[PDB]
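**Q** So that we are looking at the same thing, I have put the structure below in C-alpha cells.
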Amino acid sequence: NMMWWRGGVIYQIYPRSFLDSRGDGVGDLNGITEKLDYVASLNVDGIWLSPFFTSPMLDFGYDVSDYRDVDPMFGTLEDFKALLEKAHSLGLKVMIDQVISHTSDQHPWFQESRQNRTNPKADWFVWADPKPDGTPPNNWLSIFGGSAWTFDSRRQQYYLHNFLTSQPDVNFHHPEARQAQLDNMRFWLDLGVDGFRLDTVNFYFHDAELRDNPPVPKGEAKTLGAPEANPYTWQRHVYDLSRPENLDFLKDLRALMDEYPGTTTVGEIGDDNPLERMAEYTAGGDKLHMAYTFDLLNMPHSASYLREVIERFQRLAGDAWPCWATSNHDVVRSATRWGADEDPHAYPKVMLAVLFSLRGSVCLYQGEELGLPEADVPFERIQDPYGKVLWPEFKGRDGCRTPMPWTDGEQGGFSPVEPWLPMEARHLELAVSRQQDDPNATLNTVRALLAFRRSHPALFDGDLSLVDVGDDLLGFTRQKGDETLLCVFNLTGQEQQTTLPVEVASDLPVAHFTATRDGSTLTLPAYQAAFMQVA
Ligand SMILES: [Mg+2]
C-alpha cells in the first residue's frame with residue numbers, strides 16, 4: 001500500500017501540548033506513546049509530529065539546534081524509537097516535521113558560520129554587506145516583526161531570518177548546505193519514519209540578487225498566511241521566497257524520498273498565490289507528494305467560498321495533490337475561526353464531514369476532533385513571541401496551543417503541575433473522557449465519519465465534480481471506478497431544501513446525520529451532511 005499517503009488522513013500532534021508524562025508541565029514523547037491507542041481509535045491513518053528536536057524553544061521547537069536528537073524536555077531518541085514502534089504496531093504511519101529552512105542561532109553550524117567571513121561554514125547562511133549607510137541590504141521583513149536582516153558585529157554583515165532573529169535562514173544556494181539538510185532527513189528515514197511535514201517549504205531559496213519586493217497596491221487582498229495588522233502583508237513576496245531554484249531542490253528531495261518506498265512529504269505553503277504554489281510543487285510526480293495551504297485556514301468558510309477554492313484548484317495542474325487542513329498550531333481553532341457564530345456542537349460535525357469529503361489528503365489537528373474552541377490566554381501567560389509584537393491587534397498562536405483535555409479533572413489530566421500554557425476551562429467539559437462514550441459527541445462523529453470514508457473507495461481518492469445544489473449548500477459527486485457518491489452539506493444554521501441534480505440509487509446513513517430525501521427532493525436540517533449512492 002505504497003500510495004496510502006495520497007488520500008490518507010493524518011492527525012497532527014503538537015508535542016508540547018499533547019500529554020505531559022514527565023511532570024514539568026510540557027508535553028513529551030512518552031505522553032504521546034501512552035495515547036497512541038486513542039489516536040488509532042480516531043480511524044486516522046497516521047500522525048504528524050510538530051518538532052521535538054533539540055531547541056532553545058524560542059519558537060517552541062521550530063528553532064532547531066540539533067536535527068538528529070530529541071530535546072531533553074521531550075525525552076530521548078530512544079523514546080522516539082519506541083513511539084515509532086508502537087504507532088506502527090497500531091497501523092499508524094508516523095511523519096515528523098523537518099525544519100530545514102532555518103536553524104537556531106545556537107545550532108553549531110551558525111555558531112561556526114557567524115565567527116568571520118572565511119570559515120568553512122561562512123556561506124551556509126545568508127550573509128550580506130550593509131548598504132553604504134549601514135542599513136539592511138533590502139526591504140524584506142521578518143514575519144515576526146522588524147527587518148528580516150540582523151547585523152552581526154563579528155562579520156560586519158547582516159544575516160537573513162524570515163522568522164526570529166534567533167532563526168537564521170540556511171543558504172540553499174550553497175550546495176553543501178542543501179546536502180547537509182538532505183543527510184539530516186536521511187537520518188530519520190533510516191530510523192523508519194514514514195515521511196515528513198516540510199516547514200515553510202517554498203521559503204528555502206531567496207533571490208541571490210537581494211532585490212526589493214514591490215508593495216501591494218491599495219485595495220488588493222493581503223496574503224492568507226499572516227494577520228493584516230502585520231507589516232509583512234504590505235509587500236508582494238516575490239524575491240524573498242518561492243524562487244525557481246527551489247523546484248530543482250524539490251527534485252533532489254523527492255529522489256531521496258524515492259529511495260525509501262512508501263514514504264511521503266507534505267509541504268507547508270506560505271505564498272501570495274498558495275493554490276498555484278501547491279499545484280506547482282506537487283505536480284510532475286518528481287517533487288512534493290502533497291502540500292497544504294492557508295486557503296482553508298483563514299476566515300472565509302461559506303459553501304460559496306469552498307466552491308471557489310475547488311473551482312480554482314481544478315484549473316491548475318491535474319497531477320497536483322492537496323492536503324486539506326482546517327486547523328493547525330499556527331491558526332485559530334476552526335470551531336472558533338469558522339464556527340464562532342454557529343452552533344458550537346453541531347457545526348464542527350458538518351465542517352469535519354466536509355473536510356473528510358474533499359478530494360485530497362487531510363490533516364486533522366489535535367483537539368479538532370473534540371470540537372474545541374480557541375482558548376483565551378491572558379497577557380501574563382502569553383508564550384509565543386508572535387503574540388508579543390502586535391498585541392492586542394494580533395495575539396499570537398497560543399490560543400490553539402493550550403493543553404489537550406484528557407479528563408475533566410485537574411489540568412484536564414494533562415500534567416500534575418501547572419502547564420506551560422493554561423488549560424482552557426471550557427475544554428474540560430469537552431474532554432476526551434467526557435466524549436468517549438457519548439455517541440452524540442463530536443469525537444464519535446469523527447470516528448464514524450472516518451470509518452465511513454474508509455469504506456468507500458470514492459472517498460479515498462475519487463474524482464470530484466461540483467454539482468448545482470444552490471448557493472447555500474455545498475454539493476459534489478466523488479467517483480472511483482463503479483462507485484459514485486453524491487455528497488451534500490448544509491454548513492448553515494437553517495434548514496435547506498434542494499432538487500437533486502443527479503439520480504440517486506440509495507441513501508448512505510452515517511454519524512447520526514438527519515437529511516430527508518423524497519425522490520429528487522433533498523431536505524437538510526441545520527448543519528446536516530447527506531451522502532447518497534448515485535444511480
Ligand atoms: Mg513532560
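Starting from 1 in every chain, residues are counted up; chains themselves are A, B, ... following the order of the C-alpha cells, and ligands are numbered from 1 as listed.
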Name the residues in contact with residue 226 of chain A at a cut-off of 10 Å, using only C-alpha atoms, excluding same-chain residues fewer than 2 positions from it; report them as a list in words.
**A**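 Here the qualifying residues turn out to be residues 143, 144, 222, 223, 224, 228, 229, 230, 231, 232, 233, 270, 294, 298, 330, 331 and 394 of chain A.
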**Q** Within 12 Å of residue 156 of chain A, counting only C-alpha atoms, which residues show up once you throw out same-chain ones fewer than 3 positions away? Write them as a PyMOL selection string, please.
**A** chain A and resi 114-117+127-131+134-136+150-153+159
**Q** Give me the residues of chain A that have any atom at most 9 Å from an atom of ligand 1; for each, the nearest atom pair and the distance in Å, rounded to one decimal. Use only C-alpha atoms and all ligand atoms, sort by chain and number, and format it as JSON lines.
**A**
```
{"residue": "A:16", "atom": "CA", "partner": "ligand 1", "partner_atom_place_in_ligand_line": "1 (Mg)", "distance": 7.6}
{"residue": "A:19", "atom": "CA", "partner": "ligand 1", "partner_atom_place_in_ligand_line": "1 (Mg)", "distance": 6.9}
{"residue": "A:20", "atom": "CA", "partner": "ligand 1", "partner_atom_place_in_ligand_line": "1 (Mg)", "distance": 3.7}
{"residue": "A:21", "atom": "CA", "partner": "ligand 1", "partner_atom_place_in_ligand_line": "1 (Mg)", "distance": 5.1}
{"residue": "A:22", "atom": "CA", "partner": "ligand 1", "partner_atom_place_in_ligand_line": "1 (Mg)", "distance": 4.1}
{"residue": "A:23", "atom": "CA", "partner": "ligand 1", "partner_atom_place_in_ligand_line": "1 (Mg)", "distance": 5.2}
{"residue": "A:24", "atom": "CA", "partner": "ligand 1", "partner_atom_place_in_ligand_line": "1 (Mg)", "distance": 5.3}
{"residue": "A:25", "atom": "CA", "partner": "ligand 1", "partner_atom_place_in_ligand_line": "1 (Mg)", "distance": 5.7}
{"residue": "A:26", "atom": "CA", "partner": "ligand 1", "partner_atom_place_in_ligand_line": "1 (Mg)", "distance": 4.2}
{"residue": "A:27", "atom": "CA", "partner": "ligand 1", "partner_atom_place_in_ligand_line": "1 (Mg)", "distance": 4.3}
{"residue": "A:28", "atom": "CA", "partner": "ligand 1", "partner_atom_place_in_ligand_line": "1 (Mg)", "distance": 4.5}
{"residue": "A:29", "atom": "CA", "partner": "ligand 1", "partner_atom_place_in_ligand_line": "1 (Mg)", "distance": 7.9}
{"residue": "A:30", "atom": "CA", "partner": "ligand 1", "partner_atom_place_in_ligand_line": "1 (Mg)", "distance": 8.2}
{"residue": "A:31", "atom": "CA", "partner": "ligand 1", "partner_atom_place_in_ligand_line": "1 (Mg)", "distance": 7.3}
{"residue": "A:73", "atom": "CA", "partner": "ligand 1", "partner_atom_place_in_ligand_line": "1 (Mg)", "distance": 6.4}
{"residue": "A:74", "atom": "CA", "partner": "ligand 1", "partner_atom_place_in_ligand_line": "1 (Mg)", "distance": 6.2}
{"residue": "A:75", "atom": "CA", "partner": "ligand 1", "partner_atom_place_in_ligand_line": "1 (Mg)", "distance": 8.0}
{"residue": "A:415", "atom": "CA", "partner": "ligand 1", "partner_atom_place_in_ligand_line": "1 (Mg)", "distance": 7.6}
```
**Q** When you look at segment 448-459 of chain A with a cut-off of 10 Å (counting only C-alpha atoms), what residues show up, excluding the ones that are within fewer than 3 positions of it in the same chain? I need them as a PyMOL selection string.
**A** chain A and resi 7-9+42-45+349+352-353+356-360+439+442-445+462-464+477-485+508-512
**Q** Export N, CA, C and O atoms of the chosen residues as a short mmCIF file (atom, residue, chain, number, x, y, z; two decimals), in the first residue's frame?
**A**
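And here is the file that came out, part_10.cif:
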```
data_model
loop_
_atom_site.label_atom_id
_atom_site.label_comp_id
_atom_site.auth_asym_id
_atom_site.auth_seq_id
_atom_site.Cartn_x
_atom_site.Cartn_y
_atom_site.Cartn_z
N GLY A 7 -4.50 10.59 -0.22
CA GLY A 7 -5.85 10.42 0.25
C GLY A 7 -5.92 10.14 1.74
O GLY A 7 -6.99 10.24 2.34
N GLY A 8 -4.79 9.79 2.34
CA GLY A 8 -4.75 9.43 3.75
C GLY A 8 -5.12 10.57 4.68
O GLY A 8 -4.99 11.75 4.32
N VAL A 9 -5.56 10.23 5.88
CA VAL A 9 -5.91 11.20 6.90
C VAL A 9 -4.86 11.16 8.01
O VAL A 9 -4.65 10.13 8.64
N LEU A 42 -9.32 6.97 16.48
CA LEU A 42 -9.94 8.01 15.66
C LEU A 42 -10.17 7.52 14.24
O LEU A 42 -10.94 8.14 13.50
N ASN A 43 -9.53 6.41 13.86
CA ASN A 43 -9.59 5.88 12.49
C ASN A 43 -8.83 6.74 11.49
O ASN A 43 -9.10 6.70 10.28
N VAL A 44 -7.86 7.48 12.00
CA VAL A 44 -6.90 8.17 11.15
C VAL A 44 -5.85 7.16 10.68
O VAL A 44 -5.71 6.06 11.24
N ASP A 45 -5.10 7.55 9.65
CA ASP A 45 -4.11 6.67 9.06
C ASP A 45 -2.69 6.90 9.56
O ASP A 45 -1.82 6.06 9.37
N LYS A 349 -19.22 19.22 13.49
CA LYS A 349 -19.54 17.92 12.89
C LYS A 349 -19.70 18.01 11.37
O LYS A 349 -19.14 17.19 10.63
N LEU A 352 -16.32 19.02 9.64
CA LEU A 352 -15.42 17.90 9.51
C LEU A 352 -15.90 16.93 8.43
O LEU A 352 -15.09 16.36 7.69
N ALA A 353 -17.21 16.76 8.30
CA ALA A 353 -17.72 15.93 7.22
C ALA A 353 -17.28 16.50 5.87
O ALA A 353 -16.91 15.75 4.96
N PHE A 356 -13.46 15.87 5.41
CA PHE A 356 -13.22 14.45 5.14
C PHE A 356 -13.77 13.98 3.77
O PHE A 356 -13.54 12.85 3.36
N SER A 357 -14.51 14.86 3.11
CA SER A 357 -15.12 14.56 1.81
C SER A 357 -14.50 15.31 0.63
O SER A 357 -14.86 15.05 -0.52
N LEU A 358 -13.59 16.25 0.90
CA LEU A 358 -12.88 16.92 -0.18
C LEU A 358 -11.93 15.93 -0.85
O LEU A 358 -11.51 14.95 -0.23
N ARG A 359 -11.60 16.16 -2.11
CA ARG A 359 -10.62 15.31 -2.79
C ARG A 359 -9.23 15.72 -2.38
O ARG A 359 -8.77 16.82 -2.70
N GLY A 360 -8.56 14.83 -1.66
CA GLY A 360 -7.23 15.13 -1.16
C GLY A 360 -6.90 14.32 0.08
O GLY A 360 -7.69 13.49 0.52
N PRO A 439 -22.32 8.85 22.32
CA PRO A 439 -22.43 8.64 20.87
C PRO A 439 -22.79 9.92 20.11
O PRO A 439 -22.62 9.96 18.90
N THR A 442 -18.82 15.02 19.34
CA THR A 442 -18.03 15.20 18.12
C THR A 442 -16.95 14.14 17.93
O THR A 442 -16.70 13.70 16.80
N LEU A 443 -16.32 13.69 19.03
CA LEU A 443 -15.32 12.63 18.96
C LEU A 443 -15.88 11.42 18.22
O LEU A 443 -15.24 10.84 17.34
N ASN A 444 -17.11 11.04 18.58
CA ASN A 444 -17.69 9.87 17.96
C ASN A 444 -18.25 10.10 16.58
O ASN A 444 -18.30 9.18 15.77
N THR A 445 -18.63 11.34 16.29
CA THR A 445 -18.94 11.72 14.92
C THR A 445 -17.70 11.54 14.03
O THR A 445 -17.78 11.00 12.93
N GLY A 462 -11.21 9.48 -5.06
CA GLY A 462 -12.10 9.65 -6.20
C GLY A 462 -12.03 11.04 -6.79
O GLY A 462 -11.68 12.01 -6.12
N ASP A 463 -12.40 11.15 -8.06
CA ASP A 463 -12.54 12.44 -8.71
C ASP A 463 -13.62 13.22 -7.98
O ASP A 463 -14.46 12.65 -7.31
N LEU A 464 -13.60 14.54 -8.12
CA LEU A 464 -14.63 15.37 -7.51
C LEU A 464 -15.26 16.26 -8.57
O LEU A 464 -14.55 16.96 -9.29
N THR A 477 -20.17 15.26 -6.53
CA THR A 477 -20.00 13.82 -6.58
C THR A 477 -18.54 13.44 -6.39
O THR A 477 -17.63 14.23 -6.67
N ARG A 478 -18.32 12.24 -5.86
CA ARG A 478 -17.00 11.64 -5.80
C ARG A 478 -17.09 10.32 -6.55
O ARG A 478 -18.01 9.54 -6.32
N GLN A 479 -16.14 10.07 -7.45
CA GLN A 479 -16.23 8.86 -8.27
C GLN A 479 -14.91 8.12 -8.35
O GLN A 479 -13.87 8.70 -8.64
N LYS A 480 -14.97 6.82 -8.08
CA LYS A 480 -13.85 5.93 -8.34
C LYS A 480 -14.39 4.62 -8.85
O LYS A 480 -15.16 3.95 -8.16
N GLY A 481 -14.01 4.25 -10.07
CA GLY A 481 -14.49 3.02 -10.67
C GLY A 481 -16.01 2.98 -10.69
O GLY A 481 -16.65 3.93 -11.12
N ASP A 482 -16.56 1.87 -10.21
CA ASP A 482 -18.01 1.64 -10.19
C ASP A 482 -18.75 2.44 -9.12
O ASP A 482 -19.98 2.38 -9.06
N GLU A 483 -18.03 3.15 -8.27
CA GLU A 483 -18.68 3.89 -7.19
C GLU A 483 -18.74 5.38 -7.45
O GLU A 483 -17.71 6.03 -7.65
N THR A 484 -19.96 5.92 -7.44
CA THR A 484 -20.16 7.36 -7.50
C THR A 484 -21.06 7.75 -6.34
O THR A 484 -22.18 7.23 -6.20
N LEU A 485 -20.56 8.63 -5.48
CA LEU A 485 -21.33 9.11 -4.35
C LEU A 485 -21.69 10.56 -4.56
O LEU A 485 -20.91 11.32 -5.11
N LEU A 508 -27.07 6.76 2.12
CA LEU A 508 -26.00 6.17 2.91
C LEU A 508 -25.94 6.83 4.28
O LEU A 508 -25.28 7.86 4.44
N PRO A 509 -26.61 6.26 5.28
CA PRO A 509 -26.57 6.86 6.61
C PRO A 509 -25.16 6.89 7.18
O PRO A 509 -24.36 5.98 6.91
N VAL A 510 -24.85 7.93 7.95
CA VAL A 510 -23.59 7.99 8.67
C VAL A 510 -23.69 8.98 9.83
O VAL A 510 -24.34 10.02 9.71
N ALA A 511 -23.09 8.62 10.96
CA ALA A 511 -22.86 9.55 12.07
C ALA A 511 -24.06 10.35 12.58
O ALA A 511 -23.91 11.51 12.97
N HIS A 512 -25.24 9.75 12.58
CA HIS A 512 -26.44 10.40 13.12
C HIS A 512 -26.89 11.66 12.38
O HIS A 512 -27.74 12.40 12.88
#
```
**Q** Rank A:192, A:271, A:253, A:111 by their smallest atom-to-atom distance to residue 225 of chain A, using only C-alpha atoms, and report the top residue only.
**A**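 For residue 225 of chain A, the nearest of the candidates is A:271.
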**Q** Could you pull out the residues in segment 280-356 of chain A that DSSP calls alpha helix (DSSP H) from the backbone, as an MDAnalysis selection string?
**A** chainID A and resid 280:282 303:313 334:337 346:355
**Q** Any chance you could export the current selection's N, CA, C and O atoms as a short mmCIF file (atom, residue, chain, number, x, y, z; two decimals), in the first residue's frame?
**A**
```cif
data_model
loop_
_atom_site.label_atom_id
_atom_site.label_comp_id
_atom_site.auth_asym_id
_atom_site.auth_seq_id
_atom_site.Cartn_x
_atom_site.Cartn_y
_atom_site.Cartn_z
N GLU A 280 1.96 23.65 -8.33
CA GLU A 280 3.27 23.58 -8.96
C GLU A 280 4.20 22.62 -8.22
O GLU A 280 4.92 21.82 -8.84
N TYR A 281 4.18 22.70 -6.89
CA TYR A 281 5.12 21.94 -6.08
C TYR A 281 4.80 20.46 -6.01
O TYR A 281 5.70 19.65 -5.76
N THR A 282 3.53 20.10 -6.21
CA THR A 282 3.09 18.71 -6.06
C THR A 282 2.83 18.00 -7.40
O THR A 282 2.42 16.85 -7.41
N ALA A 303 -20.19 27.80 1.84
CA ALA A 303 -20.24 26.89 0.71
C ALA A 303 -19.74 27.55 -0.59
O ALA A 303 -19.05 26.92 -1.38
N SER A 304 -20.11 28.80 -0.80
CA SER A 304 -19.64 29.52 -1.98
C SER A 304 -18.12 29.68 -1.99
O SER A 304 -17.49 29.52 -3.04
N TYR A 305 -17.54 29.97 -0.84
CA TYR A 305 -16.09 30.10 -0.77
C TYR A 305 -15.41 28.77 -1.09
O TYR A 305 -14.43 28.72 -1.85
N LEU A 306 -15.92 27.69 -0.50
CA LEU A 306 -15.34 26.38 -0.70
C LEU A 306 -15.45 25.96 -2.16
O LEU A 306 -14.50 25.40 -2.70
N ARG A 307 -16.59 26.26 -2.80
CA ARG A 307 -16.73 26.02 -4.23
C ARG A 307 -15.69 26.80 -5.02
O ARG A 307 -15.13 26.28 -5.98
N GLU A 308 -15.45 28.05 -4.63
CA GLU A 308 -14.46 28.88 -5.30
C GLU A 308 -13.06 28.28 -5.20
O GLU A 308 -12.32 28.28 -6.18
N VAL A 309 -12.70 27.79 -4.02
CA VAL A 309 -11.40 27.17 -3.84
C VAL A 309 -11.27 25.94 -4.75
O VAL A 309 -10.26 25.78 -5.45
N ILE A 310 -12.30 25.10 -4.75
CA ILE A 310 -12.31 23.90 -5.58
C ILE A 310 -12.23 24.25 -7.06
O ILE A 310 -11.45 23.66 -7.81
N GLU A 311 -13.04 25.21 -7.50
CA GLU A 311 -13.04 25.62 -8.90
C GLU A 311 -11.67 26.12 -9.35
O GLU A 311 -11.22 25.81 -10.45
N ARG A 312 -11.03 26.92 -8.50
CA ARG A 312 -9.71 27.45 -8.81
C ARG A 312 -8.69 26.32 -8.89
O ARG A 312 -7.88 26.26 -9.82
N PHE A 313 -8.73 25.42 -7.92
CA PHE A 313 -7.78 24.33 -7.89
C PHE A 313 -7.94 23.43 -9.12
O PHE A 313 -6.95 22.95 -9.68
N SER A 334 -10.46 25.91 14.35
CA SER A 334 -11.57 26.01 13.40
C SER A 334 -12.95 26.17 14.03
O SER A 334 -13.78 26.88 13.47
N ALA A 335 -13.19 25.54 15.17
CA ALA A 335 -14.52 25.66 15.79
C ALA A 335 -14.85 27.11 16.13
O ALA A 335 -16.01 27.49 16.19
N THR A 336 -13.80 27.91 16.35
CA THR A 336 -13.97 29.34 16.57
C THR A 336 -13.73 30.15 15.28
O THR A 336 -14.54 31.02 14.94
N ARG A 337 -12.66 29.86 14.56
CA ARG A 337 -12.27 30.67 13.42
C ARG A 337 -13.37 30.65 12.36
O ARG A 337 -13.70 31.68 11.77
N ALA A 346 -23.05 21.39 16.86
CA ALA A 346 -23.43 20.85 15.56
C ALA A 346 -22.50 21.27 14.43
O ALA A 346 -22.27 20.50 13.50
N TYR A 347 -22.01 22.50 14.48
CA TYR A 347 -21.22 22.99 13.35
C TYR A 347 -19.91 22.21 13.09
O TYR A 347 -19.62 21.85 11.96
N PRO A 348 -19.12 21.94 14.14
CA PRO A 348 -17.87 21.23 13.84
C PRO A 348 -18.11 19.87 13.17
O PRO A 348 -17.29 19.41 12.37
N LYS A 349 -19.22 19.22 13.49
CA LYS A 349 -19.54 17.92 12.89
C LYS A 349 -19.70 18.01 11.37
O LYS A 349 -19.14 17.19 10.63
N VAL A 350 -20.46 18.99 10.88
CA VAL A 350 -20.63 19.12 9.44
C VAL A 350 -19.37 19.68 8.78
O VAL A 350 -19.05 19.28 7.66
N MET A 351 -18.64 20.56 9.46
CA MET A 351 -17.39 21.08 8.92
C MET A 351 -16.41 19.93 8.68
O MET A 351 -15.74 19.87 7.64
N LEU A 352 -16.32 19.02 9.64
CA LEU A 352 -15.42 17.90 9.51
C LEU A 352 -15.90 16.93 8.43
O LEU A 352 -15.09 16.36 7.69
N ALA A 353 -17.21 16.76 8.30
CA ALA A 353 -17.72 15.93 7.22
C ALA A 353 -17.28 16.50 5.87
O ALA A 353 -16.91 15.75 4.96
N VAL A 354 -17.31 17.82 5.74
CA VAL A 354 -16.81 18.46 4.51
C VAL A 354 -15.31 18.19 4.31
O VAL A 354 -14.89 17.72 3.24
N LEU A 355 -14.52 18.46 5.34
CA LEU A 355 -13.07 18.26 5.27
C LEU A 355 -12.75 16.84 4.82
O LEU A 355 -11.90 16.63 3.94
#
```
**Q** Between A:205, A:524, A:94, A:262, which residue has the minimum interatomic distance to residue 175 of chain A, considering only C-alpha atoms?
**A**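 Closest residue, counting only C-alpha atoms: A:205.
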**Q** Based on DSSP run over this structure's backbone, return all residues of segment 250-427 of chain A in strand (DSSP E), as a PyMOL selection string.
**A** chain A and resi 264-268+290-292+323-325+361-365
**Q** Name all residues at most 12 Å from segment 178-186 of chain A (count only C-alpha atoms; drop same-chain ones fewer than 5 positions away) and give them as JSON, numbers by chain.
**A** {"A": [53, 66, 67, 68, 69, 95, 96, 97, 98, 99, 100, 101, 102, 103, 109, 121, 123, 124, 125, 169, 170, 171, 172, 173, 191, 192, 193, 194, 195, 196, 197, 198, 204, 205, 245, 246, 248, 249, 250, 251, 252, 253, 254, 255, 256, 257, 258, 259, 260, 263, 265]}
